[PDB]
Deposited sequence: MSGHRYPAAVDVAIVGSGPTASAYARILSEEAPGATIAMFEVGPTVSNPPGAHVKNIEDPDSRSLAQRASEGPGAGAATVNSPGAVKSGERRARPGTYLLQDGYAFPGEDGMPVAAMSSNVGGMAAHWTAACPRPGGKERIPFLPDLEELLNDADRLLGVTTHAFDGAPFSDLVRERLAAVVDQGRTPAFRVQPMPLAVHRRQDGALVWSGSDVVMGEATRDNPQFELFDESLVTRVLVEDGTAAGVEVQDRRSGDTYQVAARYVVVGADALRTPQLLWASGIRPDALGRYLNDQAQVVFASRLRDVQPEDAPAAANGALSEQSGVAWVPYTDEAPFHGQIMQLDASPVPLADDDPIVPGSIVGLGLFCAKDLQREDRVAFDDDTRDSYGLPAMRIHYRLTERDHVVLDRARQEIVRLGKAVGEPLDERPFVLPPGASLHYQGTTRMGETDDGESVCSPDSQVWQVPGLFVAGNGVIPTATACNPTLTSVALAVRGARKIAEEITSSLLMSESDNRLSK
């Protein structure tokens, strides 16, 4: 099934692994690439968003097939289920069965993963804000350029709701309580969204791979392919061990470059199982503390055009990221729509930047194996005093914003359990030097293994509140360009 050797082997098929495939297809066109995804193909073109599947029954099946071992488990698909705090995953995702919490620690009880072609971007709500202040990685002089390139790969736009009736009204009402003393980049503005188009549809990994990857004769995608090991020969990346889930057969695929984009929890898991264990691996894990709310606007009368998505930017002084959105553009069900006046109800979400700690980590136990046969995950996570103060300010701020747009549907703001944001950073984080605090270089290349590159939210080292996918793709673009420059300028061959 698999080639004996390739130039680049890519683990996973989410937007960050898809970014490597795209830039390598554009900038190193002759290079052979094999992408391996453990989950099945659930959409067309491969990795497309499940919400673009018109048939609801076929859409439910695509979501169920994405839930790995939690396929036959009850999910959270209503605002009542979110507020009930039941330890369930949202459709298209699955939770850990054990090792999510430990005594004297908060853990991440609702830490979720997706197993399908396209990763979580086959199920996401495409908010693509830019980082600001201390969120920006300071040692990347080209950060702005890479963020603009990430906008290109995701097809990001801030004008999809320029025809929506309530988008300008929500924006101007939030601006009255947010904008005072802020420079233009930190004022209330439309959220940049990864939305395609024939009505406005969500963008998945299919948009990031694009026609450049799909028309590349040298690229091949293998679904139902579990990468169990990253192979190392002479201290450099040598290939991948891959279990063909359609037969149980385990193969070895040789490669000059190995790119792991397997999400923030499974990327350090695969490195740990391969014997690639630097001291910073899986440490400085950070979730974005999340608070939710809902509000009804004060007026009369697949993706709908109601009020769009408003962005309340993070600042160092007010370290949370806000998003005010129409109910179908929310990462979590927040309210039912108003029957008489539709589009008049908006959801509110605040996400907190974390107080980075070395002891917040994802650890692995070789004595216990998970549903895929890999070392089980142990999550050690705890909110500090500073984290609780910031989360308290976020609960106050979300009420201020909710009252500013209208009449709040709920009396109190609701904090979601740790893991709810689905934005886990820092587990394979980049740094300037190999001091024992970072796993990879500014080009996302693992310090310990030349040729081995990491991808995803785990790469982000800073304390961020904003939705991470756009930044993670921007970092993937820099890593993929280092690979393309090395391949195109090498005297060596395949």
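Engineer: Show which contiguous pieces of the deposited sequence have no C-alpha coordinates, counting from residue 1.
Structural biologist: Gaps in the modelled chain, taken against the deposited sequence, lie at 1-4, 202-204, 309-318, 512-519.
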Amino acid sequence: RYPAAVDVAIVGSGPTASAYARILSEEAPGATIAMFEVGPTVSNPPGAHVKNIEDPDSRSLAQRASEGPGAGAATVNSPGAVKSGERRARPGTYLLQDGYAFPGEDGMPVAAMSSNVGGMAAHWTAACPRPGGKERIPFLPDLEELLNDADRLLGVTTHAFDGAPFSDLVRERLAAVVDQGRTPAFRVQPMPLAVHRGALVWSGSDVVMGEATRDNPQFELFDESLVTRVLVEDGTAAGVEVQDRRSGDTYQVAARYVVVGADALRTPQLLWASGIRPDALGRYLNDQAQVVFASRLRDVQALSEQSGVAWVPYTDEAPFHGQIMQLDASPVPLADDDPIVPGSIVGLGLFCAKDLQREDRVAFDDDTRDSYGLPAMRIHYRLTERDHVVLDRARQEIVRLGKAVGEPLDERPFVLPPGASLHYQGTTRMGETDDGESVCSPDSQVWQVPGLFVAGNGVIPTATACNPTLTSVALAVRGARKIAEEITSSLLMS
From here on, numbers count along this sequence of modelled residues.
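Engineer: Which has the higher mean CA temperature factor in the PDB entry, 62-70 or 460-468?
Structural biologist: In the deposited entry, the stretch with the higher C-alpha B-factor mean is 62-70.
Engineer: Using only C-alpha atoms and the B-factors in the entry, which stretch averages higher, 282-290 or 73-81?
Structural biologist: For C-alpha atoms only, the mean B-factor is higher in 73-81.
Engineer: Can you tell me which of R393, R369, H123, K134 has the highest Cα temperature factor in the record?
Structural biologist: When the deposited C-alpha B-factors of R393, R369, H123, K134 are compared, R369 is largest.
Engineer: Among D151, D316, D162, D223, which carries the highest Cα B-factor?
Structural biologist: Most elevated C-alpha B-factor of the set, per the entry: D162.
Engineer: Based on the entry's values, in what third of the chain does the Cα temperature factor of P45 lie: lowest, middle or highest?
Structural biologist: CA B-factor rank for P45: middle third.
Engineer: Which third, lowest, middle or highest, does the CA B-factor of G426 fall in along this chain?
Structural biologist: Ranked within chain, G426 CA B lands in the lowest tercile.
Engineer: Hey, what third does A31 fall into on Cα B-factor, ranked over its chain?
Structural biologist: It belongs to the middle third of the chain when residues are ordered by C-alpha B-factor.
Engineer: Splitting the chain's C-alpha B-factors into thirds, which one does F414 fall into?
Structural biologist: CA B-factor rank for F414: middle third.
Engineer: Within this chain's modelled residues, let me know which third the CA B factor of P331 belongs to: lowest, middle or highest.
Structural biologist: For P331, the deposited C-alpha B-factor lands in the middle third.
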